[PDB]
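> here we go, the starting part of the complex in its complex frame:
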Amino acid sequence: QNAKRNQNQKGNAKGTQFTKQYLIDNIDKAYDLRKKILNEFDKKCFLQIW
């Protein structure tokens, strides 16, 4: 006797992570996110004298 097989096959996978961290000292770095863009207009667009 003869015998032939044909195992066709496929997979799939879709991982996802959403890890958030909360170190303490990030708010220290986040104190001036808008300050250095707001005084940029003082540096380049407004008369910095009385």
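All right, it came through fine. Numbering: from 1, shown residues only, chains lettered A, B, ... in the order given.

> contacts, neighbours, all on C-alpha from now
Fine.

> how close does residue A:48 get to residue A:41?
For residue A:48, the distance to residue A:41 equals 10 Å [Cα to Cα, to the nearest Å].

> what do you get for residue A:23?
Taken as Cα to Cα, the span from residue A:23 to residue A:41 is 32 Å.

> who's more crowded, these two?
residue A:41 (10 against 7; other Cα atoms under 10 Å).

> enumerate the positions of stretch A:2-12 that are buried.
Residues of stretch A:2-12 classed as buried by neighbour count (16 or more other Cα atoms under 10 Å): none.

> work out the gap between that stretch and the centre of the chain.
Computed by Cα atoms, centre = their mean, to the nearest Å, the chain-centroid distance of stretch A:2-12 equals 43 Å.

> same check on stretch A:15-32?
Centre-to-centre, stretch A:15-32 and its host chain are 10 Å apart (Cα atoms, centre = their mean).

> and stretch A:10-28, by the same measure?
10 Å.

> now do it: distance from first to last residue.
OK, stretch A:10-28 end separation, Cα to Cα: 50 Å.

> one more: stretch A:11-27?
Length of stretch A:11-27, first residue to last, Cα to Cα: 44 Å.

> then chain B, please:
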Amino acid sequence: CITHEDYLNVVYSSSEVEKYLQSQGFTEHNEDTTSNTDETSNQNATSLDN
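Okay, here's chain B dropped in alongside the others:
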């Protein structure tokens, strides 16, 4: 008008929050065909001498 709004629920006793979503898809297929062939023969030379 800066976003240093950390006046309530300061959880920076580190508090690492994780997530781990995971999906998976999987199909499969088979085709298993056999085929036997077989034949026999004998002979039956018997005797009795009453």
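
> helix or strand: which one has residue A:37?
Taking DSSP states H and E as the definition, residue A:37 sits inside helix A:35-44.

> quick one: contacts of that helix?
Applying Cα atoms under 8 Å, 6 or more residues apart in numbering or on different chains, the set of residues contacting helix A:35-44 from outside is residue A:48.

> and stretch A:6-20, does that touch chain B?
Yes: counting by Cα under 8 Å from any Cα of the partner chain, chain B is contacted by stretch A:6-20 at A:6-20.

> follow-up on the earlier one: in the helix holding residue A:37, what counts as buried?
Along helix A:35-44, no position meets the burial threshold by neighbour count (16 or more other Cα atoms under 10 Å in any protein chain shown).

> CA atoms of it as CSV?
Coordinates of the C-alpha atoms in helix A:35-44 are reproduced here as CSV (Å, rounded to 0.1, in the frame of the first residue of the first chain):
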residue,chain,number,x,y,z
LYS,A,35,7.5,78.0,29.7
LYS,A,36,10.4,77.6,27.2
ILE,A,37,8.1,78.1,24.3
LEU,A,38,6.2,81.0,25.9
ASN,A,39,9.2,83.1,26.7
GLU,A,40,10.6,82.3,23.3
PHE,A,41,8.2,85.0,22.0
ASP,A,42,9.8,87.3,24.6
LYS,A,43,13.1,86.5,23.2
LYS,A,44,12.3,87.0,19.5
